[PDB]
Structure formats: structure tokens, C-alpha cells
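Written out below as C-alpha cells is the structure these notes cover.
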Amino acid sequence: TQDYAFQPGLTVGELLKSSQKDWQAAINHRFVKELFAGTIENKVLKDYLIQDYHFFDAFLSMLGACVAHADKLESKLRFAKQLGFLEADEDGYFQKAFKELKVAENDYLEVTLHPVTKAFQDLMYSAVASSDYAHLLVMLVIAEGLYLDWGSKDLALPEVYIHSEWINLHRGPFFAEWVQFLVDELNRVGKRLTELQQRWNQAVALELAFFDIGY
Amino acid sequence: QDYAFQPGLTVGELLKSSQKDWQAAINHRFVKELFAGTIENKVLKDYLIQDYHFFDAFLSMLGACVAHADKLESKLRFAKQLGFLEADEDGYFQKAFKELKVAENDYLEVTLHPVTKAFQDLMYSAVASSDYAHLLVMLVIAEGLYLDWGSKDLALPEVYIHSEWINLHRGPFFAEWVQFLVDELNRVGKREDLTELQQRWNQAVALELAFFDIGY
Ligand SMILES: [Mg+2]
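These protein sequence lines map, in sequence, to chains A and B.
Under the numbering used here, the first sequence has 112 at position 105, and the numbering climbs by one with no breaks.
Under the numbering used here, the second sequence has 1006 at position 14, and the numbering climbs by one with no breaks.
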């Protein structure tokens, strides 16, 4: 009975039941509230974005592994489209945000990885190493679906670019239809759930933990 | 031998042993007839149907490079090319199949030519290796050999289905992409398994040559 910004369907609907407390805590996190308000401190957003750019590095790799291992050309093409979008608009945002926050290249590329970032990369790269489209989709449905869920909150957008654009990259019809594609794909291939569910639960917990990094 | 790209050290070495096949491929009847606008619809159709299955595995290799490259800047460049391919190259295939009256089932659900199958096996073994250098061998050949014929000093043909296949493998954007792939193979290749990279390299050039015979 929990409503989400996407339509979970069968397998994703099942997977979601065990992660509800963490999922709701993540989308209602102080980070999200302060980002929408425009009140989030620069030092908090900066620390989050530096770590998130390392998440982004592994996230790109998971998308690439889906192009590599998906079973349908139509699906490979959709991942390819998303990769093009991410290189233009999302990497463009990171570059602009780092410039605004006065972070030199070496200080966003050559970083101490927070333990949560390290845990996430390990889990993301084990999905890559599995060469298993369903394991990759678990990670991606969570990363993108949970971000759509907070991104689509009914709160007025903040004024400053570094705030509004991070919301906008995770909101609106294009991103919503992308998330529904990922969900549809996990439902298609998932109807296989113990190891998928254990991965799912851990990844939702890490999404929640990630929002505390900057605080 | 001159090439449309700058081979550098490792790629320059790898090219030595595939020269006969490389030169035969870039001067193949297919290329000649495509530039001249004389290629028969049947020939181009049969090539494109098989090449769309090459394209399927080709996308997968680019994806595997996003997965396994050692630098974020490189991952991003592969991501940018994947976006280009989904828009402009898949767009061309769809338009070409419409023009050539090939229904979706008749380009998706078809008999793979023995050369197409051999190429897919070699491409998927590069994916399975998770080894950026092996993937780059395949891509430097696929893209660099196509730049080499695409950049011939000839005016483009009149008809869209001819000109656009050349266009997709010609010009500064594609040339810079090829040079990026060559630069990356030189960077990561400079390897205790040069023999194995060479074996893969020679076989892929041979299959590029054989692929042009499919439509004939
Ligand atoms: Mg607001």
C-alpha cells in the first residue's frame, strides 16, 4: 500500500516490501528537505557531491555493464541513450557545481572515499562482476527509483542552480520514464529471489546512509 | 603505410601484421560501389541486416568499456559515443530498413551469416575478458578501419542510404573518436600478452574484410 513515484509491478513490488523503513527514511532525509528549501550548507552539499561523483563513476560502469549484458537490443539502446544524457547533463552539472563550490579537479578526483562510498562501490562492482543483468537492475532500480521518489516531492524548487539542478536531474517525465523502464526490465527478467533481495536490502540501506555523509 | 589516424607505438606495431587484409577491406567492392552510388539495393540490404547484428554486439563492447575502463574521463567518452550511436546510427538503420522495405522481424529475427557469428563470438569474448585492452583492439579496428574507408578522397554519393553510412564514419567527430581509441590502446597496451592481443587483432581485421563479402 506504500505509493511510489513509479509503478512497482510484481517483482519490484515484492522486493520493496522489506526495505520500506530505509526507503522512506531516505526520501524524507534532512538532506532532501534542506536541498529543496535551498538552506543546505555549502560544506554539506560539497562533501556529498565529492563522494557522489565517485558513486557516479561506478554508476556509469553499471549502466555500461547493462549495455554489455542485457538480452534485448532495445534495452541496450535505452541504456546507451541514458549514458549520453548522463555524460552531457549530469557530468555537466558536477563540473559546474564543483566550480561554484571552489573544488579543484584534484580535490574531487583524488579523494578519501567515505566508508559508505567504498561499500557502495564494492556492491556496485560486484554487480558488474556478476555479468548478471538482474543484479545490475536491482542496483539501478534502487539508485534511480529512490532518487525519483525524493526528486518528485511536492516542494517548490529552490532558486540557486547548484540546488535546483540536482533536483531537476532526478525529476520530470524523462527521468520518470527511465525509472519505469528499469522497473519494467527488472520485472521482466526477475520473473527467476534470495540473493537479489539481500543485495536490494543492502543497497537501499546504503542510499540512506549516503545522505548522512555531508553532516 | 599511411592511415586516417595516427597509429602511435602499440597500434602501429599491431597494424604491421594485418596490412594485406586491412588494405583489401578499405578498397573492397562494397566501399567502391557505396561511394559511386552504384551498389545494388539487395547487396546493401543484406549487409545492413547483418551489420545491425554486428551493431548489437558493438554496443555491448562499448558498454563493457564503460564498465572496465580505468579512467572516468574514458568512461565518459564511451558514454558520449553510446548516446551518439543510439541517436544517429540507430536512426540511420531504422531509416535505411524503412527505405529498403525490411520489416522489423526481417532485420531482428534472421539467419546470422557465418562471418557475423564468428565476429559476435570474438566480440563477446572481448566482453567476457573484462579486459579493456582486448576490447580496445576490437574497437580500434572496427572504428579505425571504417574511418580509413569513410575518409576516402571522394565526394559523397547522392542517395541518403548511401551517403549517411559513409557520413557516420567520416569527419572530425568520428576522426577524433578514433584517435581517442587509438590513444587509449597505446596508453594501456604499452602488456605481457601482446601475442594474444595480436591474435585477436589479426582475426578481427580478417573478419572486417570478410564482412564486406556478405552482401555479394
Ligand atoms: Mg524550495
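The beta carbon of each residue, even a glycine, is placed where N, CA and C say it ideally should be.
Tell me which residue opens and which closes the alpha helix (DSSP H) that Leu-1173 of chain B is part of.
1164 to 1181
Exercise for review: Apply the 10 Å Cβ neighbour rule to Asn-1097 of chain B and answer buried if 16 or more other Cβ atoms are within range, or exposed otherwise.
Suggested key: exposed
_Contact between the stretch 44 to 52 of chain A and the stretch 152 to 172 of chain A is defined here as three or more beta-carbon pairs at a separation below 8 angstroms; is this criterion met?_
yes
Measure how close the beta-carbons of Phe-1166 of chain B and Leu-1131 of chain B come, nearest whole angstrom, since I'm counting them as under 8 angstroms. At roughly 13 angstroms, the Cβ-Cβ gap does not stay under 8 angstroms, so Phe-1166 of chain B and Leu-1131 of chain B are not in contact.
Practice task
Please confirm whether any heavy atom of ligand 1 lies closer than 6 angstroms to the CB of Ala-44 of chain A.
Solution key: yes
Less than 7 angstroms between the beta carbons of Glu-97 of chain A and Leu-153 of chain A, yes or no? no
Nearest residue (CA-CA) to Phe-62 of chain A, options A:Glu-151, A:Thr-8, A:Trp-30 and A:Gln-187: A:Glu-151
Practice task
List the residues of chain A that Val-1119 of chain B touches, going by C-beta distances under 7 angstroms, in chain order.
Solution key: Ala-75
- Chain-order list of residues whose beta-carbon lies under 7 angstroms from that of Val-19 of chain A (same chain, five-residue window excluded): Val-148, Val-190, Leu-193 and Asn-194
Could you check if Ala-163 of chain A belongs to the surroundings of ligand 1, using beta carbon to heavy atom distance under 6 angstroms?
yes
So, using beta-carbon positions, are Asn-1194 of chain B and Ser-1052 of chain B closer together than 7 angstroms? no
- May I ask you to verify whether the stretch 84 to 100 of chain A touches the stretch 1009 to 1023 of chain B, counting CB pairs closer than 8 angstroms and requiring at least 3? no
- Item | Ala-1056 of chain B and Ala-75 of chain A closer than 7 angstroms at C-beta | yes
Please identify, using Cβ separations under 9 angstroms, the residues of the stretch 81 to 95 of chain A that lie next to chain B, in order along the chain.
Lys-83, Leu-84, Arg-85, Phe-86, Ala-87, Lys-88, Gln-89, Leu-90, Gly-91, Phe-92, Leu-93, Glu-94 and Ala-95
List the residues of chain B that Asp-98 of chain A touches, going by C-beta distances under 7 angstroms, in chain order.
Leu-1068
Proximity test, Cβ basis, 7 angstroms: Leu-1051 of chain B and chain A:
yes
Query raised in the report: Who are the neighbours of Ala-1056 of chain B on chain A, taking C-beta pairs under 9 angstroms?
Result: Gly-71, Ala-72, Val-74, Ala-75 and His-76
Practice item. Using 10 angstroms around the beta-carbon of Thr-1187 of chain B, count the other beta-carbons present and answer buried if the total reaches 16, otherwise exposed. Key: exposed
Which residue wins for smallest C-alpha separation from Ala-1202 of chain B, given the options B:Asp-1043, B:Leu-1006 and B:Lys-1072?
B:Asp-1043
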